[PDB]
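Note that the chains are named A, B, C, D, E, F, G and H in the order they appear, and that numbering of residues resets to 1 at the start of each chain.
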Amino acid sequence: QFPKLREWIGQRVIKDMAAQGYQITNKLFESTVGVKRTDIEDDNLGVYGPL
Amino acid sequence: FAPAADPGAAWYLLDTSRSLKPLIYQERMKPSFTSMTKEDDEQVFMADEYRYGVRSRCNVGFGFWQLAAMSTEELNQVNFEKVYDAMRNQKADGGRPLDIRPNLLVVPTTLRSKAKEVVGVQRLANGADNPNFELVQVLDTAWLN
Amino acid sequence: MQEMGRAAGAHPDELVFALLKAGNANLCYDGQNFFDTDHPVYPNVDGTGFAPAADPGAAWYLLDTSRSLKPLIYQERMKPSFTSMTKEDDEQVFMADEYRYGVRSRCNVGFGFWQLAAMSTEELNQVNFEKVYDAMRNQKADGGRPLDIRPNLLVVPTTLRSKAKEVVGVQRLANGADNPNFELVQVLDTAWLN
Amino acid sequence: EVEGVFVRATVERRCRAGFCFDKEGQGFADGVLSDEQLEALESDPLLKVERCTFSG
Amino acid sequence: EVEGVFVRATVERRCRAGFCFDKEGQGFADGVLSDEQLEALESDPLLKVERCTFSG
Amino acid sequence: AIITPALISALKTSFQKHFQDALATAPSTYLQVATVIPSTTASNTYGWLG
Amino acid sequence: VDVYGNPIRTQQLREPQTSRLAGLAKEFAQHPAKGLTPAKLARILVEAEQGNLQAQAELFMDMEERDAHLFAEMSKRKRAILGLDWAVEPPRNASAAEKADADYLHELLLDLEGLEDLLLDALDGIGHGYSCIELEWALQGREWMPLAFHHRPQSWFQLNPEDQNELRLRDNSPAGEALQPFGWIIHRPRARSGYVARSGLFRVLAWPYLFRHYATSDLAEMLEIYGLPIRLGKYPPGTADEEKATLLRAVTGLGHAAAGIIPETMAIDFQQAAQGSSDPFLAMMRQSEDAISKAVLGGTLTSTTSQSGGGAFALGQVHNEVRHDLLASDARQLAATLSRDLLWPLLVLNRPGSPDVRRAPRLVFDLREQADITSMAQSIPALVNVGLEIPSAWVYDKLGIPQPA
Amino acid sequence: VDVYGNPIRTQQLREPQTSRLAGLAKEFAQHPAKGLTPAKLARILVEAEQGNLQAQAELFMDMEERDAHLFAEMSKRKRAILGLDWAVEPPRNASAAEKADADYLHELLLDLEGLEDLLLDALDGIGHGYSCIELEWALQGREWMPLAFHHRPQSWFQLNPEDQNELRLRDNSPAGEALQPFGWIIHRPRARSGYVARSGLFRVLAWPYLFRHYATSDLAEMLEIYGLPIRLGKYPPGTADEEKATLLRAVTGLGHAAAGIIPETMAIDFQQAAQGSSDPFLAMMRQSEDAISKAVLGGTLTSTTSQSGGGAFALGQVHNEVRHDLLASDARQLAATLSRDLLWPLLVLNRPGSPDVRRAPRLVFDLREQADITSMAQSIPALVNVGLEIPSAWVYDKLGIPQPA
């Protein structure tokens, strides 16, 4: 951000501005479930398929 | 326990997330993997994610509270109002204020009732007063602690 | 450019509240500090001292009146025209200019030097809030007559906003006892001071 | 080498012993060290700036 | 933690003396030393490769 | 795998200019406590006779 | 109130909104086109997408000024609109009061000076994506009048941080300032569907402009180098500095000088300077110019020119496809903007009552296309002798001849 | 209820569906066209096939912006539709009540501002494969009104994991959010038979765009290198660093400088810089542009231009094959979408009863083609004198002349 507007007497100070660059990487996430192919069809109540 | 005072109306939101990729669905159906021909009749279903949070502004977030509501002079007046004063007293480069307006209070389910007492009832815990009524609206959660 | 513009737009508040901070140091037209205990209203002695300022803001003039001389004309140095790019590696300069200054309207219509707190109904609330209130209510002018001041503004730093709201905004003060100053003076936030 | 000196026989703000002065031409432009303190020392060239690298 | 391991009895090109033959050595996906030699030593696998968490 | 992902950080990383100018000054306050007195001189003076 | 329903207060109409922003009037354009590279252009466009329209507006102005072909195309396109006759019509099956209101508005627009300048200023939004014209409101007794129309540079505005389709003034604050109701005529033609920043035609035309600029500059440099060959002199060991300078001056002036003499121990070799042609540069310039012509005026008459060929139906052939479509689109959008911004304040300030917004009069441009009088005049007699009862109103309207009064 | 039969609740019409998704309005396009390679494009398309439409939508927007020829073709195609007159007609052999309903709907559409913008926004689905326009519903007493039409970017949606033809909002959840009934006008033109992801025309046009981009960039680079030749200086052993720098600067400036002198022990060799032509690049650009023209507007008028040539039947020759077919297809699809999405809510909210869906009025675009008046006017008298009783209704309808009233 800019420096505060100061008083003026004889000359102007050519101020500067800082910078605070922030670094952060990325991470990967996963969740998986192993199921039997035959079992999903081998059901009558409509369960083990929506899972 | 697990407190945090955050602004919500600022151009930035604390703890900003990153939905870099969508909730793509990964599946193992049939003649697409070897798990089902040169293996048992196995299928796996997966949800890949490639996201991560961020520590956005550490000069506007405050934590580590003994969050309490009693006596309106020692427990809340000296902790929650202390955080109020600290957040509103934050100074940027050059000594100007950050215009911090604490309006978000996040606490776990254990502190939900006591946060509601801090914000929502005119009297704090003894019939004295509650200076922090309708100043910060609290949203309950359980993902933390 | 836009950052400098917003800084310039904010500047007048900084000027006014810097003068408010210096009020305990700067002098009003009498010849004493704006917030001093020895205002020479008469051969007698009159006094008005976290740098708060109870103000009526209802008379024909308001305290710490601002003086807008020149707007925030943008000053820029982005062309080889100048010797900054000659003597240096293409250094451009961006600037904003102001020609204003704060004012000390009247030191007999303001008060400071507060030991602010809201513990007891009065014994700690009238310590400052009511002392300012009644003092202004009975400030005398030339001719031994009241100024008919109507204090209705209270400016305090951020740290004192909770106490100010308790003083004005709650029926009870800090012990469920009473609060004589409810809906008396409307407080406003500020961080430019302290 | 030295990126820049910006001396012109004038420093930006050389503040010592609680008082801030303007002399000794101690202007630098580099992140070798004391960048946080380099902000305080620099950032105030009241007078003209002349950059003459010393190739240090 | 180190991410990178090959524990499927998998084959990799490790060069002992004048020849490069099957062997499992570094077998990591991160490098801080012996990069030039690791390249020859860390030739990606010939056969099935599966990774684990040594956390060493 | 890749021999040295260490040096390829510069190319990969992207920019999110969301923290840029994510701040503002405090709301204007001199209006409530101070009154504007436009002027065009170098030293304005006020006179009252009591 | 206005068409959008925002409350309207007549107190703020006495002074322009920008009057209290004297800083804006003292600014000068930064000319970002000079020293422009593809990376700089990409950064400018991306930043404009994020709400920094100042650089984009200045770049567009420079682009308009520095390209003669693009400027000619845009000027022709705008002058096409500026030459159209216009009229104000009452709403569908309007009543006597509505007809009177429309007639009064029509009379007011006829006698309002500066209409052509207003249309020209509004049409700038075609290329810039948005044009803002400030209004000066004055009272000549009991009736409000637009004193003048002021066109404000596109560099004076920005995007709302909370809304990418809403423009705001630059008042040094992060959020800018909302536009005053009844204080502006904002024209935002929509060539492509998207946000306001991406809606300008110059955004499409920027890259061909840069290609043409690079090709022209390179051709100019190569023409400068053309002519004499570069020739290098060589000297043996033991040649002093004075002799070196003499040899250098001799080589420097040898191209202009037909003849010269040097010692046998020295040598001058004439090497190729620049050998090639203007074919690649000119090919690139032609490609860019054709792209600009197609993007601005269509690829049937300008780039792939329709060629000559007269006839009764020649007007239709030249116009209806491409030219008529573009003319009608631009005219309709401009008319909608005008009816929204200028007609409505006049109706709701200069007349009593609160007429419903849906029944407001609409400005209409005359898009009538000249119809062949001779062929149709031949055709009618056969049809009427057959027995068809063709209405005379259709004939009078389509021919342009007015009905008898 | 709606046409699809889904229950309709008037409670949810007070607020837009996306109002509770303030996160979407703050997003910025990622511009995936910059630094695009064929592998990246293939990955983008494949991922879009799987339900990640954000990257595809942003790429399509960039493609539209960065190609002048493609943008001109698409704009011309859309403006063709935007200029067509339209009317609302009652169903087959409609009754008096149905005729009144159709008339009221027609009057409502005439007086509804922003219709042209709605049509333009809907036509974006031609290239993007689907366009979604959000509705603002308001009550002016007892009658519901569309307050405004908001076009939402295609990047705001995705595919249902359980259905590849059903779109959903991006609400941070894996399954997204179902589209609110009566809250959107979804236009999904079908150029090719398949799923919604594969249905866009820009999917066909992507590869020619990349070919043209690569050719243009390579030509620009080669034009930059053209001009002076590369020349290499050689120095003998025992040349110090200062002399090396002097030789390097001399070589660097030698191309611009006509003359120079070096010691006989040194040497400068002028090597070919870039020798060839623009023919291959321009050939590739022409091929890509012809492909784009054929894909967008047909290979009879744009790419393989129909050339000049007037006449009474010239209009038919130019239009009927290709141009008329494309115009009719686009107009019919847009009319069907409108009749489904906008007309039906108005009929079922603004009028009493529950009319059957099959009897709803249908919006019709005027596709009438100008017929030669002179030839046919010559023809009728012979036929009528022969004895044929030609109806006058056919004549009035086909000529465009209205029946007497």
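We adopt the following convention: a contact is a pair of C-beta atoms (placed from the backbone, for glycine too) under 8 Å apart; a residue touches a chain by one contact, two chains touch by 3 or more.
Listed by chain with UniProt protein names: G, H = Portal protein.
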Least hop count linking chain A to chain G through chains in contact: 2
Most distant chain from chain B, judged by the mean position of its C-alpha atoms: G
Centroid spacing, where centroids are CA-atom means, of chain B and chain D in whole angstrom: 44
Separation of chain E from chain G, taking each centre as the mean of its C-alpha atoms, in whole Å: 63
Centre distance in Å when chain F and chain G are each reduced to the mean of their C-alpha atoms: 35
Multi-chain contact sites of chain D, meaning residues that touch two or more partners: 49
Touching two or more other chains - residues of chain B: 11, 47, 92, 96-97, 99
Residue list for chain H, restricted to those that touch at least two other chains: none
Contact set on chain A toward chain C in their complex: 1-2, 4-5, 12, 14
Sites on chain F touched by chain B in the complex: 18-19, 21-27
Touching residues on chain C, where the partner in the complex is chain G: 1-2, 4-9, 71-74, 76, 78
Contact set on chain D toward chain A in their complex: 12-13, 39, 42-47, 49
Interface residues, chain B side, partner chain A - complex: 18, 20, 26, 30, 36, 40-52, 54-55, 92-96
